[PDB]
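Engineer: Protein chains in written order, with this note's numbering: chain A, 3 to 80; chain B, 3 to 80; chain C, 3 to 80.
In this text, a Cβ means the ideal position worked out from N, Cα and C, and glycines have one as well.
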Amino acid sequence: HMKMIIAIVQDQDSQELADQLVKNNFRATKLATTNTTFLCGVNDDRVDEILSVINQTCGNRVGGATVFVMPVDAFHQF
Amino acid sequence: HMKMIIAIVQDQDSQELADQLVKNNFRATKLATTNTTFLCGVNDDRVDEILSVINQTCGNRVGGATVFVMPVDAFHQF
Amino acid sequence: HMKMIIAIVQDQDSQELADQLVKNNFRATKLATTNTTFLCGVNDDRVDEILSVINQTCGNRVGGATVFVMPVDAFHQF
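Right under this line is the structure:
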């Protein structure tokens with residue numbers, strides 16, 4: 003099935019996460035906020051991959067990321 | 003029980019979805035983004051209805067909608 | 003485990019909820035909207051506390067709050 007990622011990432015590191023998610027085939031949506039918030043539905047078995055991306059891009063290096071992995075009952079694509 | 007809809011819809015079609023959701027008694031919230039993102043808690047047995055609305059308003063006609071249906075453990079109304 | 007709160011609160015009462023959540027050790031994120039929308043992952047056994055806060059701050063006194071409590075499969079903190 004599928005999952006929903008809500009990754010709260012720092013704004014300075016938002017630019018590069020946004021670019022690098024694209025390069026890893028991750029379709030994501032940025033909710034503007036000032037500390038930017040991302041939304042990304044990924045496959046059940048691609049959770050470890052996206053978490054790696056978010057960590058390599060942002061976190062305590064300075065930095066800091068907090069992400070939630072949430073269940074999805076249904077996915078539709080019109 | 004209840005569900006949560008996260009419908010990522012195109013901005014040109016956001017205006018009309020926003021209006022038409024009201025006409026179908028769907029209380030929804032628009033998170034501004036440029037590709038706008040909607041949030042809408044609907045009843046367990048009104049998922050098919052709202053999906054119809056979103057499709058009739060937006061999708062590949064040009065267009066394109068992507069929606070997630072997510073479980074809700076509790077709903078409160080103060 | 004943990005939960006995710008999506009609290010749709012009125013804008014006039016958003017300022018004070020935002021301040022008072024901090025005073026109760028609730029790390030939350032505000033998604034700008036005009037009727038503002040909040041996001042807050044809290045512990046499994048701190049749902050009653052945050053609901054109290056939201057009610058004391060906003061609701062029908064004038065007012066009005068609507069909140070969803072949603073399951074979280076995984077929480078990560080980089």
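Between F70 of chain C and chain B, is any beta-carbon pair separated by less than 8 Å?
Structural biologist: Chain B, which has a Cβ nearer than 8 Å to the Cβ of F70 of chain C, makes this yes.
Engineer: Skipping 5 residues on each side, what residues in its chain have a beta carbon closer than 7 Å to that of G65 of chain A?
Structural biologist: Contacts found: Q12, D15.
Engineer: Which ranges would you report for the alpha helix (DSSP H) in the segment 9-49 of chain B if only whole runs of at least 4 residues count?
Structural biologist: List check, alpha helix (DSSP H) in window: 16-24.
Engineer: Pick out whichever of A:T35, A:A20, A:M4 has its Cα sitting closest to the Cα of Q58 of chain A.
Structural biologist: Per the Cα distances, A:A20.
Engineer: Give me the chain C residues within the contact set of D21 of chain B, using Cβ-Cβ distance strictly less than 8 Å, ordered along the chain.
Structural biologist: In chain order: nothing, as chain C lies at least about 17 Å away.
Engineer: Thinking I10 of chain C and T39 of chain C are a contact (beta carbons under 8 Å), I'd like their distance in whole angstroms, please.
Structural biologist: Correct: roughly 5 Å between the Cβ atoms.
Engineer: So what's residue 82 of chain C in DSSP terms, helix, strand or just coil?
Structural biologist: The structure shown does not extend to residue 82 of chain C, since chain C is modelled only from 3 to 80, so the question has no answer here.
Engineer: Excluding the 5 residues preceding and the 5 following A30 of chain B in the sequence, name in chain order all residues of the same chain whose CB lies nearer than 6 Å to its CB.
Structural biologist: For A30 of chain B, where only same-chain residues beyond five positions count, the Cβ hits under 6 Å are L23, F40, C42.
Engineer: Would you report the Cα separation of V69 of chain C and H78 of chain B, rounded to the nearest angstrom?
Structural biologist: The alpha-carbon atoms of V69 of chain C and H78 of chain B are separated by roughly 5 Å.
Engineer: With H78 of chain A as the anchor, note down where its beta strand (DSSP E) starts and where it stops.
Structural biologist: Here the beta strand (DSSP E) through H78 of chain A covers 76-79.
Engineer: List, in chain order, every chain B residue whose beta-carbon is nearer than 9 Å to that of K5 of chain C.
Structural biologist: Under the 9 Å cutoff, chain B gives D75, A76.
Engineer: Under 8 Å, do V55 of chain A and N26 of chain A count as touching if we go by C-beta distance?
Structural biologist: Against a cut-off of 8 Å, the Cβ pair of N26 of chain A and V55 of chain A comes out as a contact.
Engineer: Between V71 of chain C and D47 of chain B, is the Cβ-Cβ spacing less than 8 Å?
Structural biologist: Not in contact: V71 of chain C and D47 of chain B (Cβ atoms no closer than 8 Å).
Engineer: Taking only the alpha-carbon atoms, compute the straight-line gap between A67 of chain C and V44 of chain B and give it to the nearest angstrom.
Structural biologist: One C-alpha to the other measures close to 16 Å.
Engineer: Would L33 of chain A and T36 of chain B be called neighbours here (beta carbons separated by less than 8 Å)?
Structural biologist: No, they are not a contact pair.
Engineer: For a contact defined as C-beta to C-beta under 9 Å, what are the partners of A9 of chain C on chain A?
Structural biologist: Residues of chain A passing the Cβ test: none, with the nearest at roughly 15 Å.
Engineer: Which residue comes first and which comes last in the beta strand (DSSP E) that contains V64 of chain A?
Structural biologist: Here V64 of chain A belongs to no beta strand (DSSP E), and DSSP marks it neither H nor E.
Engineer: What in chain A is Cβ-close to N26 of chain B, meaning under 9 Å?
Structural biologist: Ordered by position in chain A, no residue passes the 9 Å Cβ test against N26 of chain B, which lies about 17 Å from the chain.
Engineer: Measure the C-alpha to C-alpha separation of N62 of chain C and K5 of chain B and round it to an integer number of angstroms.
Structural biologist: Answer to the nearest angstrom: the Cα atoms are 24 Å apart.
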